[PDB]
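The data below hold one chain only, encoded as structure tokens and taken in the form deposited without the named molecule.
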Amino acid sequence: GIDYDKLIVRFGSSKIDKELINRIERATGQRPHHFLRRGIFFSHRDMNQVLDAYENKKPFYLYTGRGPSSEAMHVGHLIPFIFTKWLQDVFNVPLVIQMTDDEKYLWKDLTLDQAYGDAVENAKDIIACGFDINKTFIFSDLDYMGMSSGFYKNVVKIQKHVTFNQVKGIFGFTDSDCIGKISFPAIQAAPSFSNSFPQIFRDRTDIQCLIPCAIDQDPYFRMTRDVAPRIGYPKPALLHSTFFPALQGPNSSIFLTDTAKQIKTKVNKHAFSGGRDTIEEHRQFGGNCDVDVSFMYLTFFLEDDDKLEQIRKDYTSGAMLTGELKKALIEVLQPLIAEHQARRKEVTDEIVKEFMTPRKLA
């Protein structure tokens, strides 16, 4: 499939090797998450710096976000949230999650209230991922900007040190775009600096930030990292993941709303197959796990490394047929999604409100 080792060279990032993974295990005392064991999160920037601080009792915080969608969230979207939740638990650090409602308002046909409405709704799905309410701040840009003595100030600092020419290349803007889009990159970068959240870190500016993201986003975070020293702040560290495969690449992906029945259908009739044409060729040459979306999905959601390896072998040999594989996946997805919907149902307005209230995170 995709040659991720080349993307590392292309972007200039660092490969997450076994020694780093072992160091993470020693620092936390926890077994490394399966995304690390399987190369899902394979690249980074300054992770050793983060561990240097952590090992010396100098904590950091996590930062991630989400563009509020009209309840159009699929299993692929779970990846960074699942990893961020794991990072939060094993390092036991605070986390800030930005809901870019102002971004959606600027890019989509929505009123400011509708954009905000989508953000609060999406927040429920994020809360359903299990983040600890005592250490997690989920904020709406539209709301938080007007109730922070540090966020806007950081936005302006960034705005002063980034030119249109710079963002034009990185984000592909043209002078036909509204000024709101042009300066937005500063708002997405501001959360990377601790003094943007006074209610959490007060006036401290030395608390390193760690951002889990997709490798193809490295160019975007490069802007934030380059501006950091220019404004006297530490650069945020990054952890890069691979690309979540499209079902093939309403039926282009499996949504967190889909029912058990819908999940079955999606996998059996739409999930791309890496097996052979006829059962004759398959029992001989076997199936290819590098392109079979059904198996790739398993590498992300099946936690048992042993069962996953067994399924791989039998699918590559021919002993196991595509239909058998797709059923193994369905047995993994149905409960995964069912449990998410169940937890989402428990998210009360009182809960979402608390998560969204700027407050100290003991």
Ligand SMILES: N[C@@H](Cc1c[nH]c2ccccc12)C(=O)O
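All residue numbers refer to positions in the sequence shown, first residue = 1. In this text, rigid core is short for the largest set of C-alphas that superpose within 1.5 Å between two forms. Shifts are known only where both forms have a C-alpha.
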Of the deposited residues between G249 and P250, the number without coordinates is 4 to 9
Once average C-alpha B-factors are taken from the entry for 199-207 and 113-121, the winner is 199-207
With B-factors read from the PDB entry, the higher C-alpha mean of 311-319 and 28-36 is in 311-319
For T265, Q98, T242, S176, the deposited C-alpha B-factor is largest at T265
Max C-alpha B-factor within the set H270, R225, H161, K104 falls on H270
Assert third(CA B-factor, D277) within chain per record equals highest
Of the three thirds of the chain ranked by Cα temperature factor, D258 occupies the highest
Split the chain's modelled residues into thirds by Cα B-factor; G287 lands in the highest
Here the Cα B-factor of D218, set against its chain, lands in the third termed middle
Tertile call for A72 (CA temperature factor, within chain, third-based) is the highest
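The following text describes the form solved in complex with the named molecule, which does not appear among the structures shown.
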Note to self: For a quick test of understanding: in the deposited complex, does each of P94, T136 and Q208 have a heavy atom within 4.5 Å of the named molecule?
What the structure shows: no
* Is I311 close to the named molecule in the deposited complex, meaning a heavy atom pair under 4.5 Å apart or at it? -> no
Checklist entry - Might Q248 be said to contact the named molecule in the deposited complex, defining contact as any heavy atom within 4.5 Å? => result no
Answer with yes or no whether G323 is in contact with the named molecule in the deposited complex, where contact means some heavy atom within 4.5 Å.
no
Note to self: With a cut-off of 4.5 Å between heavy atoms, is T100 one of the residues that contacts the named molecule in the deposited complex?
What the structure shows: yes
Residue within 4.5 Å of the named molecule in the deposited complex by heavy atom, from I82, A237, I127, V167, is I82
Picking from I330, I337, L36, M47, the single residue whose non-hydrogen atoms come within 4.5 angstroms of the named molecule in the deposited complex is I337
Note: the named molecule not shown here; in the deposited complex, the stretch from 64-72, 23-31, 48-56, 312-320 having heavy atoms within 4.5 Å of it is 64-72
Listed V167, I200, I215, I187; moving between the shown form and the other one by 2 Å or more at the CA after core fit is just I215
Residue runs (3+) with all C-alpha shifts of 2 Å or more between the shown form and the other one, core-fitted, in sequence order, are 1-3, 214-220
